[PDB]
Each structure stands twice: as C-alpha cells, then as structure tokens.
Amino acid sequence: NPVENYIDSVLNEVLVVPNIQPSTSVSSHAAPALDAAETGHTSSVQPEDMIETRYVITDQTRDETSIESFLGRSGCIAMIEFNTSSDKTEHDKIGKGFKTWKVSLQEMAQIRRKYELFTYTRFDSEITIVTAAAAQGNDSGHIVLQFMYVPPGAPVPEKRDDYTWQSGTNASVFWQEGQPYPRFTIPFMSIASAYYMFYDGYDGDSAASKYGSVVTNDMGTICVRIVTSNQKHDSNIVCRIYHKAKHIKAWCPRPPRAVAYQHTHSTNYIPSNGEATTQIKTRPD
Amino acid sequence: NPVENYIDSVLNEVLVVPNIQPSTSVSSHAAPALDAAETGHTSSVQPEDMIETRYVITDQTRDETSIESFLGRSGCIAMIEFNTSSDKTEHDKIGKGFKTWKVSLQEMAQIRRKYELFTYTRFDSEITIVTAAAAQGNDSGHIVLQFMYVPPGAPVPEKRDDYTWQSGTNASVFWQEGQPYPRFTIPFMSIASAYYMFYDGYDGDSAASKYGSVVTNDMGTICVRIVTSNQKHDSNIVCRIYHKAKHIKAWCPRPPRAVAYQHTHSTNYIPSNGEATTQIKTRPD
Amino acid sequence: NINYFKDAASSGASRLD
Amino acid sequence: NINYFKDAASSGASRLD
Amino acid sequence: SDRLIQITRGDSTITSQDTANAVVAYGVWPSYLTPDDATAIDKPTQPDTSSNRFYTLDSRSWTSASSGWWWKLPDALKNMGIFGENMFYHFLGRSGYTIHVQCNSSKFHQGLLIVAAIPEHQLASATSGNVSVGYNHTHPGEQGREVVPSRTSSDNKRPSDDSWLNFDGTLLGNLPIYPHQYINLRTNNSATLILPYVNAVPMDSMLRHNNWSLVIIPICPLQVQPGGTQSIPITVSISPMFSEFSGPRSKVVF
Amino acid sequence: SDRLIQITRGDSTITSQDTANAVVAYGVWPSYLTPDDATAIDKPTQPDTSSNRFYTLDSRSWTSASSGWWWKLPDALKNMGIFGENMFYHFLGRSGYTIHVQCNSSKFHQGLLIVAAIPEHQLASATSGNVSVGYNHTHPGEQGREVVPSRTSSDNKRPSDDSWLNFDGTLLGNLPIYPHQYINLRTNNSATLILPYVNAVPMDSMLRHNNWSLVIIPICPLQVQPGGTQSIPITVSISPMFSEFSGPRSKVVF
Amino acid sequence: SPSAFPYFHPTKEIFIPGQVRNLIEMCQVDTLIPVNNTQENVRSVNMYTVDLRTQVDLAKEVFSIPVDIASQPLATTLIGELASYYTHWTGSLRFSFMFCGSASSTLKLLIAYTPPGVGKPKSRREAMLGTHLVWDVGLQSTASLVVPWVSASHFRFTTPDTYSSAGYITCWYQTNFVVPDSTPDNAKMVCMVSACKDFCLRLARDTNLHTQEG
Amino acid sequence: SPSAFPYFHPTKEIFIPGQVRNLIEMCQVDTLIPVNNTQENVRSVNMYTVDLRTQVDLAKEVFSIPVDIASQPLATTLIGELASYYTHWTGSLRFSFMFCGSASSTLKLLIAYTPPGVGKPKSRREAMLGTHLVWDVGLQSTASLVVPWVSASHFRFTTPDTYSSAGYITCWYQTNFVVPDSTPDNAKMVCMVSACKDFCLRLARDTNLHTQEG
Ligand SMILES: CCCCCCCCCCCC(=O)O
Ligand SMILES: CCCCCCCCCCCC(=O)O
C-alpha cells in the first residue's frame, strides 16, 4: 500500500539493511574465507562465516547513499561576473552591462567530481540563482536582472539592449533586488538518452578534431544582463548558478578523480609547473 | 478518462507520432516514389515505401510544436521610456512624468515574425511588466507607477496628474519598488472573430486611405506615469511590456518574413540606404 | 483543474489538439 | 503527492529504488 | 571441471584449461537492438557468423620491465575480416564482445596482470595544457599501444603513459570498479570478459567513437629464475557478438 | 498502370515510367539455399539489406557504330560495396540478381537492343587454335566489355567480338532462348531481368566462376535525325538478391 | 492571472478555413529549395531552378546540398525556417524533384543521400553505395527521395555541428538528357523539401534567421 | 519548480547496462589498498604490492594499516573515497589478500584485526589474541579477513578521531615463505577492501580528498 512507502520515506527507512544472524563455531571442508579474486568477483564472505556473531537487528538504512541523495543536492556550477558602468557607452558592453556563460557541469570541482563517479547520467536539473551586487558607490540604484537561456544555434546577445533580449522564444527569468532566489527546472535535454560524463570519441577523423565529452551535446549559454539602463553608482555583480539533479539515473561507475582538474571537458592532469608534478591525496609513510 | 489526458499532459505525450513499420523489398507497378507536384499536393510517400525499414517504436511527440507551445511564450512587445524631473513643471510633462504607447504586436521583430506566420490569430493576452528605474542621483526615492489601459476613444492623459488617471472606468494596475512583476490578462478583444496579422484592404476608397492591418482594430493605448510627485533625484524609467498569447487559434499559414521589417503594420521592405538593398538570409555559394 | 478567477480568459494554457 | 506544474520534470526528488 | 572453457564463435573456437570463470560486464549478456530503443529506421545488416568470430590481435611480450598495454574497441578490429569491412562501409554499428586474454607460463613464474574493460576511456594527454589526445593515437588498430616508462617524444597529441593513473587522472587501485579479471600466473593462464554494447545512444559511428578500452596492466612484475623463459607473450583474441550495422555508404578512406 | 515500375532493394530504389513488364528467368524467383540441397555445413552469412541493393555499373554510350556490350556476374559487382567485400572474404557465395537496364531516348529515335542473361556463357577465343579466353578478359568488373567491329590486337587470350555468333559459335537470332527482354526505343526505356541462382552446385566460388553473363546487343542500329541527341547512354543497375556467403577466410588478393 | 476586463464577452469565434494546430502541419508542405544559390541568382526566381542539359561525358554531377534542415540552402525553406525556431530535430525528410523540360525530353537521374563519415561523394559510383533513387522522367513529372532517419542519437541539433551533421544529397546523370530535333537541349528542375510522418522538433529557441537593428 | 521548457519531451530512456542505484553497490566492490605507500612507490603500481620473502627469524611482521575506512592508506580506495563524502560509517569491512608468488611457493600468514585500546600489536602473539585468520596459501590464491563491526556506538566518524578510531590490521608470518629450487625466494601480495552486507554511510559532506585552486 502506498502509505507504507510514504511512512518509510518520511522515516528514511526505504532501503533496509540485513540483520546480523547469530553464528557458532564451524569445522568444515567449506572455506568461505578462501576465494579467487582472479575471477573479477568480490568474495561473498560475511561476518557470520568468519567469527561467532550474536543476533543484531540492524537499524541502518541506505537511503542517504542512494544516487538521488548523493547527486540530488544543490551545488555551485558557475560564477557569472559583470561590473556595471555609469557611462552609457560602456554600460552597453559585455563584461559591463551583461555577461554570457557556456553551460556545463565542468567548472566547479565539487560537483564535477561527484557526477564523474559515473560514465553516463540522466537527470532533470533544478537551477537556483544567487545574485550578489556589490555597491561600489553610495547607493545600489534599481537592480533588475534578466537571465536568458540561449539554446545552441540561437543568437547570443552582443549588447546589453540587443534585440535578442526580447526573449520571444528563449526562456528568460527576471530578478529584482529583494526578490527570493530565482528557481526553474531544465528537463533532461540531451539529443542522446543520457549525458556523457566521458566520451572516448571525436567530432571527426582529423588531427584538428575535438575529443571527449564536449563533442556529445552542446548545452547552450546563460546570458545575464542588468535590465536597468546606466546609473550613477557602479555595481560589481556576481550571479552564482546552483544546480541540483532530480529524477536521477546513473550508469557504469568509475574511479573518482585522484588528481586536480586542469581544464573543462578534459581528463588532462599534468600541471604547467616544472618543479611540481601532478599531486595525489595518497600520503607517504 | 480525463486522468489519461492529465498524465499525457505532464509527460508531454499528448501528440503521439507514428511508429516506423518494418518493410521489405518490393517489385511492383505501384511507384510511390513518383507523383505530380503540379497538383499542389505534397507527395504522401514515407520511408517504408522507399527503403527496407526496421520496426521502430517512435518516442517523439509534437506537443512543443503545438501553436499553444509556439506562440504561448512571453516576449517583449514594448519598451516605454520616461525620465523623471526634480522640477515641478517638467515632472508634469509627457516623456518626463508619464509616457503613452499605442498598443500593437508590431514593434519587436521576434514576436512579430512568429505571429505573422499566420494570417489570422485569436488568443487571450497575458501581459507582464518589467520596470527598471535607473537612479541618476544618490537615491531612488519612492517609486510608485500606474499603468492605465486607455481603450480607443477614451481620453488619453496630457499631464502626469490629469483627471484621466482617476481611472473610474479604465483598467489601471499599480506597481511600487520591490513589488513582483505586474501581470494581468486581456481577453481576445477584437470587434472581429480573429486579429488580422495582414489585411489586403483599406479604411476608404481614396488616395489618402490607410492600407493593411492597422485599419482592422484599434487596440488602445497603455499610459504609464510615476504616481509620486517631483523628487530630488531623477530616474530614467523603462517599462518593458511582455506578452504571452493563451487559448490560441491560428489560421492560414504564411511564408515567414525573409527580410528586415521597416515599419509597423506594413509589409514594406525596401530600406532607406542607396548602396545597400533589402537583405535575405540565403547565403551564396 | 482549479480556476481562481471569474473569467475563462484568466485560466492558464489550453489543452493540446 | 500534489503536483503544481504541468511537466513531470517540475516534480521534487523521485522515490528511492 | 570449472577450470576448463571452450568458446565457439562462428568458425572459430578458443580453449583454456586454467580459467578463473568469466565476467559478463554489468551482468548483461550481449543482444541485438530492440525496436523500443532503436532510432535509425533502416533495416540493419546482421552479418552473423562471418563477423561474430574471434580475431586474434598482434601478440605482445611481457617482460620484467613492462608497464602495460591497451586496445580500443571497435578500433582494434577495424582491419579484421568482415567485421572490419562492415565498420568502414556503414555510418552506424553496434556490437558486444568476447575478449579472451591469453598468457601461459610455468608453476615457477610469478606475475599479476589486471585485465579491465573500461567504457568511455577518455584519455589524458602526456603534456601540460588543454591539448587533447590525437585521433591517430587513440586509433592504433590491432597493435594496440604499449606503455613505456619515462617515454620521450615532442608530440603534444600523445596519450598519458601513467598506468598508475589509469592514463586518465584516476588511481589504478580503483580500476577493479570496471569489468575486470586478473591473470595471476600461479592461478590462471587466461582472462575472459563478455561485454554488452554500452552507450548513451542505441548505435554509433564505429570509426569516431571507441565504446570500450581493453587495459592490461602488470601490478606484480613478471619474475622467474634463470633457465625459465624470461619473457612470456600476452595474446588477445576478440569476437564481436550480435554485431549490427546500418546506413550503408561508400567505404571510408583515411 | 502497367507502364510503371518501382523496385526497392535495401536503401536503393529504381523507377521507370516506360517498362515492358519484367522477366523472371525460368519462372523461378530467387531464394536462400534450403537444407535439402546444401552441402557446405558452415552457417552462411546473409548480409541482407547492405548487400541486396542496386549497384549502378559504369554507363556506356550507344552510337550508330556500336556492336554490343557484356558483363559477367558476380564479377561486375566484385568492387561493389558489402556484396563485393563478401565475395573477396568468403570461399563460397550464391546470389540471384535484379538487372535493370536503362536507355531513354525521344519519340523520334529508333533502335533495338536485345538484353539477355546467359547461364554459363563460356566464351570463344578471337584467335584460331585451342587457346582459351584468359581470366583477366572474362573478369572486366563493373566496366564490362565493349564489343568493337574488326578489333586488332596480338593477344591470343582475348574473347570473340562476334556478337552475331553470341561470342560462342551460336547464332544471335537464337539468343531469345535465354532469359531476355528488348529495349525498343519506340516502346520502352528499360529492361528488367530477375535471375535466380542457376548452377549444378548449391554454392560456388564467386571469383572462379561467373554464373550469368549480361549481354546487350543492338540488333537495329541507333538512328535519329540531325538536332536529336546522336548517342544515348545505356546504364546497368544490378541488385544481388538473397545473397549468401560461407567459408570466411583472409581477403583474396590478385 | 486576473482579467483587466472583468465582465467582457469576446466576439463569437466563426468558422475560418485553414486552422493550423501544429507547426509540423506546415513542415509537411513542400517548399522550394534555393539549390542554385549563386551570387547571380539569389535576387531572382532562378535560385529555385537547377539546370539540366545534354552531357558529352557520362555520370556527371547535377547538384549537391547538405541535408541538415536549418543549414544553407535548406535554411530559408519553410521546414528550415520552422526548424530554426527549435534546437533539435528528428525523423525522415522528403526531397521532391519536379522536372520542367518538354514532354518530348527524356532523362534518368540518380539522386543519392550519403550519411556522415565520408564527406560529399566524388562520383556517381560513390554516391550509389548510399541511399538512392534512380528516377525515370516520364508522364509523372515529380519524384521523391526519402532521407530516412539514420542517426546514432534520437535527435540532431538544427545548428551546424560536426558531431550532429546529417550528410549530403547529390544528384547525377543516370544515362543523359536526351531530346529529338526542335526541342531545347536544356531544361530546369525544381527541388522541394517537406517532413515525413516521423519528423519532429523539440526545444524552442529564438531564430538565427531574423534580426532587428533599431 | 516551473520548467523553463514547458512542452518539452525528453529523449527516450534506452536500456544501458551497469545502472547504479546506491553508492554502497560501489563500496561492495574490492579495490586495491596502496599498503606499501613509501616515497619510492606512491608514483607507481608498486604501492599496491606488499613484499613477502623467506624469513630467517620466525613470526615477523609483513605490514600494518589502520582499519578506519577514510584514514591513510585506505582513504584513496573506492570505499575510502565514497566514505569521505560522508561523516559517519558503520558495519563490517572485508579485507582480501591475493598471493602473487609462484604455484611452487608455499606460505601461511596470520592476518589480525586488533580493536582500539592497546595500539598496534608488537608481536604475532599479541595480534593473535584479536580477531584473526590463519591463511594457508594454496590453489585458491585469495583470502578474506572480515573486520566485524565492534564499536561502542552504532556509528563511527569517517574523519580520524581518538574516541571513534577503529583499530589496526597487522599481517604476520605463520610458518614461512617456503620455496623449492628454481623459484624466486620472494613474492608480492595485493591487498583489497570492500564493504560487508551491514555496511552503511550516513551524513553527506564535502570530501577532504579533492580541492580546487583557481
Ligand atoms: C540553462 C541552465 C543550466 C543547465 C545545467 C545543465 C547541467 C548538465 C550538463 C551535463 C554535461 C556536462 O557539462 O558535463
Ligand atoms: C493593453 C495591454 C497590451 C495588449 C496587447 C494586445 C496584443 C494583440 C494585438 C494584435 C494586433 C497587432 O498589433 O498586430
């Protein structure tokens, strides 16, 4: 009955863990302690096979290690920065009145490393926006922002009041000072059945052809502007984009990243430094 | 049962697409590949008629190409600008304390081009207002705006505190700084059964008679004022009017606009420039 | 589907056809 | 569980498996 | 006897008398694409016995100095009989594989190979900067790549040779999370991996994308006393399984 | 309308709007080999849509001087896509064919081609003595052979060019005993032959034996007045049907 | 949202012919492809006409285009224009060719679709290894090539992308353009495109095919 | 929350092998422990191999490690890496040892888990008073020691804490590494770790095992 699944869900008891059964001394030709790891299978041996156990009613649950629990938390994926101007000519320009950001999960290591535990992932994305407009003068002025999602092949804005900001077909969300953090869902939007966290392939046959997950699905661009025209007092605006996966599926688990990331969409790990090589978290003894 | 239509609606599976049936080699007097386009009908031939197909269970849906999906998105249709004054005499004047805008879908090309894919359209209009008041001095002051819809033949305001702003019969909406974006519906309001996107007709028989869709239905005027009397620090106010069609019907599809718009309610396309003629998006090779 | 306002035009997007 | 929006993707976290 | 295997694929048969079972990657046996998951509407060609057969790749010598080897699939088979021709004549293909890795020795040799199949083994560069690994380097064909300690070359398109970082910035000790077996010379003389088709699309360009990488890394070096054979071959035999191709066209030429 | 045809084979489609029916040679439609008649015990590969599709051969010009043309099957298709690859990689093959011969003209051109498929068209030499026709001469590939009046060469391995003796010591007027159509320019712009596999063995070496010969002979010369197109192409398109191959091996090299 | 006109009754909806419920109904209508698109022709009806004439050499090429619906020259067709309001597309395309020579003119053409991975075919022999139609010009003046949906992924981008590109159409002489006396030795063909029954567009976007300045 | 793409239908979910529903499925897979982890070995496969050889003295130590899953050297194993995304852990651990000598080599080892409160065992005699396995090296080349969950509290911290520490594994010669002629007098062992059926992780956190600068 669905009420049992609801009660288990509010208790976080959906994913029950086996009890420890009582065991006793054994003298047998069966040797659970011995196996062949050469098979590629992990030994099935459990505590009851190798020590005399008591009965324990196991209270633990695995709900918080579900992939929905593990990946389904909001983390920063972009910091989008622009510095407004009192000059009408400069306020129209990129980096001043508006900024663009090529969408990916690749720029922030905390999120990137978690999703890269899997080869393929499929999820809907909850986006939440945290804007902080640092006043450089004696007043904030009126702060109204527009965030426009520009899909691949749609025209990207080149000016703060370009025709593209009309948003006649693109999704836009508006934010003004004192408004709660903007939030919207992007449904799972790949042309494939899952996102590639990794892709051992190319966009072509040639020396110049691109390699890796960047080939597989262009994710479009977030464009942000201040909607307000030029104002007396400048603002250093930073919009932080937070992403939570929802309705998550993940396939083909991978070793975690063991060394610093160097570049987006690349497994490259060799640093630029000539004295310092790539560093692991294995401590010597 | 209505629950099936609800489930299809939340999945976006209302408009199912045919499966590809399996096909085999054919040798016949029937020649699906041959037709007469002179008839004005498009050939009915499908992949199964011209290649050996496998069975494919087609997952695609047409929900997002519905006219409700295509036209039912908020796009900018006006930018209404006025610059407030600290001078009590100047703050009363048009362009300073208040502004008027003759209603149409004609001024912003992104919306205009989409609706002009059809000859006639019928919809209710959701209006949303995005106000950005750029502070020109050290403070915003108290910003309260009134947007008044003035139907055809109702008296248009000539002063910021004229009697017409009493709004005893006109619809007005008030906005103040920090208030969420104003929103209201205008029902389908033509004297005809649909809006004319195009009209091959005149308001009269004479050389001076107007031609085209401007004849067919005057849409009234949005009047915006700052309700606040004159204040110490000026504001460059821009109100952006966003329009979403709802409950949409559309008739008689048309070729899309292939060249820049030149004027409102006019199909004219010849630019003012003597070196540069009208430009298409057909690239040479 | 609950309708909060007294006018048919006030409702959200129509069902697909 | 009440769903306020017309898209499956708009719903909160899915049930565990 | 659980030590024995015979695998018959088309007109090809492989035997081993000292196996350690076989691994079916992710517990899924290979199969043909079903209509529910298909997108390409053309009837696929299923070349069956002429394609789904063992091809033996070029053998490599395991020495006390060896660092590892890898091959890419389907790339390692691009020159291999009717399977290879079908990859060059079709826009799309899909296949599973049986990989059989062969390495006999004596009761007096010591050594441990991990044999792993990695899906989407996107390689790191051997050089600093954002320069990605070149197409020709990840497409070595049936020769595969031999890993060399402290390898010197000017070519910034070459892949990482750091087998301890999986050639990709992840630790070798975690490689067992991928479908794998070991060849431990005291235990077994072969490893067998059965690989389903694994991809986020139901079929793909065979020449543009390697779905699987076969990685063979000596973890415990080859050791054997004087008078014993000081270097032993590693031989890889691979059979396509349920191979399918679609979108026939003119042959690709590099 | 009995004038029209469309034939769809794999991803290939042919149309004609002025046919004269089609001939199924000996009234037997092509099919796969049954277990009752088979001898080779290996499971055959049936490459289906990637192999059983139209390949268009090199076009030839019909002039008022032309004497005829011929092609051999399977030889004419040995370089043609996946069918051609399967012939080179397998000891044995069998196929039927659809042959579509294409030759449009105007209401003002005159001419008659016989289009015949001959089983076991064992050619005569162009020279006296017992010297037989050479392999390279009966294996011209998709170009076929063009017949030339009074052709001069020293090569005693070359075939007869006597189209009036069927290149084989039998009269052209009796060629209609073979599966045939005509292209009579006033009537039709194409001929269609459907050929079953015909042989005294259930499968055969594709490269050693041409089961069928396609012979095209102008009986009534091309005639057209000034201002009309003075020479018209003949184009041959051939689809394998129910192609099967067995005994996969390394690729044959000449 | 509240109505600004709280008792207003809209004008009766009368029947109007030609209601459109979905943009795919418009994509399913043939529109002419500006295949010729040379600098001399793009200001004229001539961009929609492909020249055919009696060849001296066999198996010559007539024209080629990319098949990707929002690439040039397909971009300004109705299906290309509607596709450019969307980010993804899928399903089969119908290319139709109408021969406009005389009734006394005869021709065969090989029209071929070549999938990605080999570039454009350099000969009729390369082209005929792909999906193709041999078209006989006769009493029916129009033929259609279906470009079947053959893709790794369920959808392709409408914007040009080397991972997502759809391949090429090429047209070749099969035989020749043959005429009697008193007939022009040259003619025009008109090329058209429309959607098959499986065709869809997904993620709505601003078009790249129209801009506003001022 | 509202969808930004209001009629969008996602691409069909196809079957893909290897779906993961829970991180404990990954913790239940053996991964190699870098037990050797000296400065000479941490850039190499050699960190995963423990040296065994014929001893002159009896009952010598082979290696020792702390058992706490996110402590060094366990930290960079898959279970240690996943545990370091969580604040608490509980349940039993399986340590597996694969002998990589020759088939002609013989050995017994005593592998012992020592609970907290006494430090690391200083001898095999101290170690064998704890939970232990006497492993005979034979035709089966792998043995497993289970570290049973023996704790005062239901959970332990994954970060090192003297109140929460889990104790030690030590390995000792039981008998000796014995070989005939023409056999290397030395060999390697590979050590692995995975979760038992009772193993769980609780309170999710940022990992201490990965950082970003710039
Ligand atoms: C438009 C709002 C931001 C949408 C974020 C999409 C995140 C998923 C991208 C997956 C591919 C990757 O970057 O590795
Ligand atoms: C009063 C609020 C604004 C109402 C917008 C009405 C939009 C529909 C107008 C249709 C005629 C046209 O302008 O082409």
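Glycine also receives a Cβ, built like all others from the backbone with ideal geometry; neighbour counts cover every protein chain displayed. No value in this document is a laboratory result; all are computed from the given coordinates.
Quick notes on this one:
- Residues in the range B:136-153 that are surrounded by fewer than 23 Cβ atoms within 10 Å (Cβ to Cβ) and away from ligand 2 (no atom under 12 Å from the Cβ): B:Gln136, B:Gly137, B:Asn138, B:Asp139, B:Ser140, B:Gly141, B:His142, B:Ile143, B:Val144, B:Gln146, B:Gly153.
- Count of the range A:143-164 residues which are at the interface with another protein chain (Cβ under 8 Å from one of its Cβ atoms) and under 25 Å from G:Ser164 (Cβ atoms): 8
- Selection of the range H:28-41 for residues being of a type outside the set (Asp, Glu) and either closer than 27 Å to H:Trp89 by Cα or facing chain E (nearest Cβ under 9 Å) (or both) yields H:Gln28, H:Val29, H:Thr31, H:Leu32, H:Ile33, H:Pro34, H:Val35, H:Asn36, H:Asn37.
- Meets criteria (more than 16 Å from ligand 1 (Cβ to nearest atom), part of a loop (DSSP other than H, G, I, E, B) and within 14 Å of chain A (Cβ to nearest Cβ)) for B:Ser140: yes
- Residues of the range E:25-42 satisfying the condition of being of a type in the set (D, E, K, R) and in contact with a strand residue (DSSP E or B) (Cβ under 6 Å, 6 or more places away or on another chain): E:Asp42
- Of residues in the range B:157-215 being farther than 27 Å from B:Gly95 by Cβ and of a type in the set (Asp, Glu), the one nearest to ligand 1 (Cβ to nearest atom): B:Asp200
- Pairing each residue of the range A:165-187 that is more than 7 Å from every other protein chain (Cβ to nearest Cβ) with any residue that is in a helix (DSSP H, G or I) and hydrophobic (A, V, I, L, M, F, W, C), provided the two are 6+ apart or on different chains, yields C-beta distances under 8 Å for A:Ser172/A:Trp165.
- Of the residues making up the range A:20-42, those that are closer than 24 Å to E:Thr187 by Cα and without any contact (Cβ under 8 Å) to a residue 12 or more places away in the chain number 13.
- Identity of the residue in the range A:204-257, buried (at least 20 other Cβ atoms within 10 Å of the Cβ) and either in contact with a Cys (Cβ under 6 Å, 6 or more places away or on another chain) or free of Cβ contacts under 8 Å to residues at least 24 places away in the same chain (or both), that ends up farthest from the other protein chains (Cβ to nearest Cβ): A:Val224
- Candidate set from the range A:46-102 (those that are basic (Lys, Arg) and more than 16 Å from ligand 1 (Cβ to nearest atom)); member that is nearest to the chain's Cα centre (by Cα): A:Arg62
- Some residue of the range H:191-203 being surrounded by fewer than 20 Cβ atoms within 10 Å (Cβ to Cβ) and out of contact with any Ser or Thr (no Cβ under 9 Å at 6 or more places or on another chain): no
- Hey, A:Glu68 assigned to a helix (DSSP H, G or I), within 14 Å of chain E (Cβ to nearest Cβ), touching a strand residue (DSSP E or B) at 6+ places or on another chain (Cβ under 7 Å) and under 30 Å from E:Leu175 (Cβ atoms) or not: no
- Residue in the range E:101-115 that is of a type in the set (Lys, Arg) and under 17 Å from the mean Cα position of the chain (by Cα) present: no
- So B:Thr89, is it over 28 Å from G:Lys197 (Cβ atoms), β-branched (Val, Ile, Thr) and without any contact (Cβ under 8 Å) to a residue 12 or more places away in the chain: yes
- A:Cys252 vs. criteria in contact with a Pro (Cβ under 6 Å, 6 or more places away or on another chain) and away from ligand 1 (no atom under 14 Å from the Cβ): yes
- Taken over the range B:176-197, the residue count meeting the criterion of being among the β-branched types (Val, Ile, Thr) and surrounded by fewer than 18 Cβ atoms within 10 Å (Cβ to Cβ) is 1.
- B:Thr216 being over 30 Å from B:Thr131 (Cα atoms) and either within 14 Å of ligand 2 (Cβ to nearest atom) or of a type in the set (S, T, N, Q) (or both): yes
So that you can scan it fast, the table gives a plain yes or no per residue for (1) free of Cβ contacts under 8 Å to residues at least 40 places away in the same chain; (2) not in a strand (DSSP E or B); (3) not β-branched (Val, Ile, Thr):
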site	(1), (2), (3)
H:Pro116	no, yes, yes
H:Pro121	no, yes, yes
H:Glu126	yes, yes, yes
H:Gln140	yes, yes, yes
H:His154	no, yes, yes
H:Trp172	no, no, yes
H:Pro180	no, yes, yes
H:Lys188	no, no, yes
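- Contacts under 6 angstrom Cβ, first residue in the range B:139-161 being more than 17 Å from B:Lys102 (Cα to Cα), partner of a type in the set (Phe, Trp, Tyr) and surrounded by 14 or more Cβ atoms within 10 Å (Cβ to Cβ), 6 or more apart: B:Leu145/B:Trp175; B:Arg160/B:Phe98
- In the range A:175-189 there is no residue that is within 24 Å of the chain's Cα centre (by Cα), closer than 29 Å to A:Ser86 by Cα and of a type in the set (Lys, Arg).
- Of the residues making up the range A:17-34, none is part of a helix (DSSP H, G or I) and either out of contact with any strand residue (DSSP E or B) (no Cβ under 6 Å at 6 or more places or on another chain) or within 17 Å of H:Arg202 (Cβ to Cβ) (or both).
- For the range B:117-137, a residue qualifies if it is in contact with a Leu (Cβ under 9 Å, 6 or more places away or on another chain) and assigned to a loop (DSSP other than H, G, I, E, B), and exactly one does: B:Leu117.
- Single match in H:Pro121, H:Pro184, H:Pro116 (criterion: touching a helix residue (DSSP H, G or I) at 6+ places or on another chain (Cβ under 6 Å) and surrounded by fewer than 24 Cβ atoms within 10 Å (Cβ to Cβ)): H:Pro121
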